[PDB]
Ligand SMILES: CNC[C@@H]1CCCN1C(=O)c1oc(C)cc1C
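For reference, the chain that follows is the form solved without the named molecule, supplied as C-alpha cells.
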C-alpha cells in the first residue's frame, strides 16, 4: 500500500457509509496515531496491512509497522501549527500559541482549538515542519470549549 510520508485519514466502513474516526502520521515507514482512534486494531493501506507495533492507553498513542519515530518537542515559547484534517474537509494549517497543562508529573503544551472528534491524531508542527505531537486527547473547560494536550511519544 501507500507508504509515502505525510498525513492520513483513518476511515471505517463498520458504521453508516464511510466515516472518518481519526488521522495519523506516516514517517520513516511507521504510522502514528492516537490509541482511542483505532483501539489497537490492524489497518489497511490499499491492498496492504499495517499491524500495531507499540501502544499505551495512558499516553493514548499507538505506532504501526515499527517503533514510535516522532521525537521533536514544543520549545515552550514559539507558536506552532495544527495540521487539522477534519472529516470530509481538506487538510488546513492553523497557527496558535499553545497554553499549558500543569500536572503532578510536569507540564505539557496544549492547543485550544476545537475540531470534530474524527480530527484526533492530526499532527501539531514546529517551524521546521517537525511533528511535536498529536491532537485529540484533552479536556472540556468551564465554557464548554475543548483544549487538547500536545501528545508526544518517546523515540527508543
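Numbering follows the first chain given and starts at 1.
Heads up, the form deposited with the named molecule bound isn't pictured, but that's what we're talking about next.
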{"query": "Three-residue site 5, 8 and 29 fully in contact with the named molecule in the entry with it bound at 4.5 Å by heavy atom", "finding": "no"}
{"query": "Close approach of residue 47 to the named molecule in the entry with it bound, 4.5 Å, heavy atom", "finding": "no"}
{"query": "Any non-hydrogen atom of residue 99 within 4.5 angstroms of the named molecule in the entry with it bound", "finding": "no"}
{"query": "Residue contact check: residue 130 to the named molecule in the entry with it bound, 4.5 Å heavy atom", "finding": "no"}
{"query": "Interface residues of 20-39 toward the named molecule, as seen in the entry with it bound [heavy atoms, 4.5 Å]", "finding": "35, 39"}
